[PDB]
Amino acid sequence: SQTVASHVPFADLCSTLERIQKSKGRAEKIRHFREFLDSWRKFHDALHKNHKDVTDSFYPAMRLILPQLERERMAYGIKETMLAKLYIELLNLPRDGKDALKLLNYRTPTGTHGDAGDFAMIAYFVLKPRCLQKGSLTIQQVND
DNA sequence: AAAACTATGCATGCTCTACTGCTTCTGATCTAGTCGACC
C-alpha cells in the first residue's frame, strides 16, 4: 500500500505555496500550481504502473492547500493564543521576555518590526534563529 | 574478733516511643478567558 504522499517532502509544498503567494497575477500562481499537479500526477503514474486498484489520490496535499474544506479532521481546539502559549512553553522562552509578549499581543504594533497583524510572520521571525535550515518531514507524517 | 564474698539500692549513660510545631504536597472551588459554529 504505497502512497505518493510518503515520497513528497513537505518543504516542496511549502516552497510552492510561498511562490504562489509571492506572485503578481493569477497566471504565475496557476502555472506553479499546474506544474506541481503535473509532477504529482506523473509520479503517481510512475509509481502505480503495476497495481490495479488504487485509493491514492491528491487528497493529502489538497487537504492542506485548502484547510477550510477539511471535514474528516475534527476541530484542533487551538487558535492564535493557544498556539502562542504552547510555543512559549515548548521553546522554554521566558514568560516575561520580549518574544513571549510579542507572540501574545501580536496585534499590538508596539514592536515596529515585521507585521503587527500577521501571527505567522512573527512566529517565523521568532523561530528563524531557533530552527534548522532543512526539514525531514513528509506530507504523510504531517497529516498523521 | 578480723577478713573475704555476696546482695541490694542508687547513679549514670544509652536507646526507644508519644506529642507539639513548622514546612510542603494535594485536592476542591471559584473566576477569567479561549475555542466552535452558526446567524
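Below is a short write-up of the structure.

Within the largest apolar cluster, 10 residues are counted, these being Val4, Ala5, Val8, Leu13, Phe36, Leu37, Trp40, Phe58, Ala61 and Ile139. Not counting residues within four places of it along the chain, the set of residues in contact with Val8 comprises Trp40, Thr138 and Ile139. Counting 7 residues, the second-largest nonpolar core is a separate cluster that includes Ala84, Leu103, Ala123 and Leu127.

A separate point is the protein's contact with DNA strand B. Taken together, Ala75, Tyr76, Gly77, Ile78, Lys79, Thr81 and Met82 make up the full set of residues adjacent to DNA strand B. When atoms of DNA strand B within 4 Å of the protein are split into backbone and base, the sugar-phosphate part holds 100%. In the model, a phosphate oxygen of DNA strand B is placed 2.9 Å from a nitrogen or oxygen of the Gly77 main chain. Tallied by class, residues from the surface near DNA strand B come to 4 nonpolar, 2 polar and 1 charged.

Where helix α1 (residues 10-21) contacts helix α2 (residues 26-47), the axes come no closer than 9 Å and their chain directions differ by 160°. Put simply, α1 runs roughly antiparallel to α2. Here α1 runs over α2; the crossing is left-handed. Together, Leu13, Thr16, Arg19 and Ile20 of α1 and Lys29, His32, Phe33 and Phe36 of α2 make up the contact between the two elements.

With respect to the helices and strands, the residue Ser23 is situated in the loop between α1 and α2. Within the local environment of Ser23, its side chain forms a polar contact with the backbone oxygen of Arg19, the two atoms lying 3.1 Å apart. Residues within four places of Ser23 in sequence aside, it is in contact with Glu28, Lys29 and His32.

Time to look at α1. When the terminal C-alpha atoms of α1 are compared, their 17 Å separation across 12 residues agrees well with the 16 Å that a helix rising 1.5 Å per residue should span. Elements that come into contact with the buried residues of α1 comprise α2 and α3 (59-65).

Looking at the largest pocket, its volume works out to about 2600 Å³. Lining the largest pocket are 42 residues, and of these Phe10, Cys14, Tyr87, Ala120 and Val142 lie nearest its centre. Among the secondary structure elements, those contributing two or more residues to the lining of the largest pocket are α1, α3, α4 (80-91), α6 (119-127) and α7 (139-143). Top element by residues in the lining of the largest pocket is α1. It accounts for 9 residues. In the lining of the largest pocket, the residues fall into 25 nonpolar, 8 polar and 9 charged. There is about 180 Å³ of room inside the second largest pocket. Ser1, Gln2, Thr3, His48, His51, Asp53, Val54, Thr55 and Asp56 together form the lining of the second largest pocket.

The rules behind each value
Residues numbered from 1 in each chain as written, not as in the entry; some residues may be left out. Chains lettered and ligands numbered in written order. Part of a larger assembly, values for the part shown. Heavy atoms only, no water. Core = buried A, V, L, I, M, F, W, Y, C linked by side-chain atoms within 4.5 Å. Buried < 20%, exposed > 50% of the residue type's maximum accessible area, 1.4 Å probe, protein only. Contact = heavy atoms within 4.5 Å. Near = heavy atom within 4 Å. Polar contact = N/O pair within 3.5 Å; in protein donor to acceptor, adjacent residues only side chain to side chain. Nonpolar A, V, L, I, M, F, W, Y, C, P; charged D, E, K, R; others polar. Axes fitted to C-alpha atoms, helices over the stretch in contact; angles between N-to-C directions. Helix = DSSP H or I, 4+ residues; strand = E, 2+ residues; numbered from the N terminus. Parallel < 35°, antiparallel > 145°, perpendicular 65-115°, else oblique. Left-handed = near helix turned anticlockwise from the far one by under 90°. Expected span 1.5 Å × (residues − 1). 1 Å grid on protein atoms, 1.4 Å probe; cavity = no way out; pocket = protein on both sides within 12 Å on 5 of 7 lines; lining within 4 Å. Points joined across faces, edges and corners; volume = space filled by probe spheres on them.

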